[PDB]
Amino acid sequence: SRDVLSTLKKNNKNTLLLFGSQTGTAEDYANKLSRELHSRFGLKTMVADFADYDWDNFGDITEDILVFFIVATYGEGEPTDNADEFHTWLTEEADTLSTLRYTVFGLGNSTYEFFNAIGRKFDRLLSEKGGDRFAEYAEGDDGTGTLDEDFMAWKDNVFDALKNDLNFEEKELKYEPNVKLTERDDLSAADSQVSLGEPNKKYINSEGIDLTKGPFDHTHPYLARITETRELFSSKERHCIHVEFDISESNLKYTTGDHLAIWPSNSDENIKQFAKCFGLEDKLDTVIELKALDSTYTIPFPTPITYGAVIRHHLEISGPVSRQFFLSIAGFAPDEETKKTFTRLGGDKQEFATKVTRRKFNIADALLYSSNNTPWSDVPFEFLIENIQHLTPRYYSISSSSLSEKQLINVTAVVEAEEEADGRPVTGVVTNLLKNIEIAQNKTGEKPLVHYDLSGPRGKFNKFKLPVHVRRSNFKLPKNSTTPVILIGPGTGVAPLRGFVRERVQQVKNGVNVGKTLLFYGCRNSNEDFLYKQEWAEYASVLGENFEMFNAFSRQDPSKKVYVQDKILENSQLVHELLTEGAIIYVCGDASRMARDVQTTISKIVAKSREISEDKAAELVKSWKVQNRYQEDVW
């Protein structure tokens, strides 16, 4: 069952789609492509996670399997955790792929240095080892917001290739369900077998089982009690939540610098608009059971389950709407006036961007706009279950020290919310959940923009619990305690750096010998958004001369912006001194602008301090990144 060639033969499949995904986008695309390949070309598709197979025999693959690689790039041009073992095999163990027929679409972000490293590497290596590239390589730029149209253009070119080079008959797209739904009027919330949205099937029965003993991962969260929350900003319109999770009654462990994954539930406001949009507002307590119609289709949540539990706890109903979604559901348009508007919107890239994407409509608002508020009654819920991605966990840099508090996890989450002129709320799913927990836990008297279910399924989230798991990072304090470190992280970039500073403080407290710690921080205003403002003096008083903090208040003076890079330039001789002593550089926070500005600044200080050209210094800083002498936690 770990042999992907055997699994292809047993399920009578001729098309493999492999996804390398961290936050689900690559998965969704594998899934969309699969159905459209099957519908339009009659190919027998199977979507496979790299992590579910071993690849030692992959070179044995025969010419009758068309392979599609949908692969995202992470870390410093690293593969996604799921793809890591496949990445090792190809680069290190793979000999030939003489009869592989493949094509590759890479997901990346061009604000990052190693743009689509994994897409390009794979597309190259597979060709070098004898593979037949049946459709041109393409790739997506999540940095410019073109990723979704990028994938769409690639898919069009892959259809051209199949029709015109492999000489395949192309039929129109039609919904071909991989799953069958049956309403169970004989079943209700009273029945213990029925999911009210628990994270997995191990949380639904669970009488003679300890749900506090792990292992905990992306398949199995721990329910962690939030023992403390505070608002960290002083501004009425902008919010950042300090969260304390208690893991003391569990086997969940983290190391300083690791990520916490927080499993979301959707907002009341969003669920209402969804249920309205598809006329399900009378059906949310109706139980359904799902039965797979394809041998390789996994049902993506526990069954049986209520409509409302699927929508609240399993479907990514909020987020930008793919134009591909309009093309897939258009068949189910309520009336002919809708059909005319909808096939025109779905067929026009620019008009779709102007009328759907730029207005920040959720699926619900976009379909209700198109149909002039007629419900999309004829949409089988099965279509929705296949064509809307699983609600995936959001990652947070742990801001606690595992040496200082092995038993607590802190995160530092800035809240993303706006209100449209029409009155629509556009909300970050996880961040507004945390703002909500903070408002409720502290009886603050603020009025939530959106509301969530803080008791969760059958009151199993009661005591302000969320489902979490820890994901190990490479973002680690140096092995040798004495190695100096340079910590740069404005705004919520400070989160993991608080973790680092708290660790080194506990190390000095433990009579350990600790290197120089330099921290560059930035925020708008020392009175407004200075994260953990009062802790730093306390940390200073324990670290003594071995700690120095430089703070860039970007709006303190309205006429002149001041950023960390400015504070770095004016302390350049200290910075370079610490680099001469082997200091490790840690840059955390905004990927899109700060990370690159800071990298340039460090390059300039290297260039002057060692009398080499700026480009030679930039190449030297880039090699520090490959060696892990320069480490980034930027999102």
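A residue's number is simply how far along the shown sequence it sits, counting from 1.
**Student:** On average, which has the higher Cα B-factor in the deposited entry, 247-255 or 264-272?
**Tutor:** On average, C-alpha B-factors are higher across 247-255.
**Student:** Higher average CA B factor in the deposited record is what I'm after, so tell me if that's 312-320 or 330-338.
**Tutor:** Averaged over C-alpha atoms, the B-factors run higher in 330-338.
**Student:** Specify which of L519, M152, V415, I398 carries the largest Cα B factor in the deposited PDB entry.
**Tutor:** That would be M152, according to the entry.
**Student:** Which of these, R504, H239, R498, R394, has its C-alpha atom at the highest B-factor, as the entry lists it?
**Tutor:** Answer for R504, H239, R498, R394: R504, with the highest C-alpha B-factor.
**Student:** Using the temperature factors of the C-alpha atoms in this entry, rank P79 within its chain: lowest, middle or highest third.
**Tutor:** CA B-factor rank for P79: highest third.
**Student:** Per the entry's values, where does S613 land by CA temperature factor relative to the rest of its chain, in the lowest, middle or highest third?
**Tutor:** Its C-alpha B-factor belongs to the lowest third of this chain's values.
**Student:** Among all modelled residues of this chain, ranked by Cα B factor, put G511 in the bottom, middle or top third, i.e. lowest, middle or highest.
**Tutor:** Its C-alpha B-factor belongs to the highest third of this chain's values.
**Student:** Among the modelled residues of its chain, does the C-alpha B-factor of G428 lie in the lowest, middle or highest third?
**Tutor:** Lowest third.
**Student:** Would you check the entry's CA temperature factor for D529 and let me know if it's in the chain's lowest, middle or highest third?
**Tutor:** CA B-factor rank for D529: lowest third.
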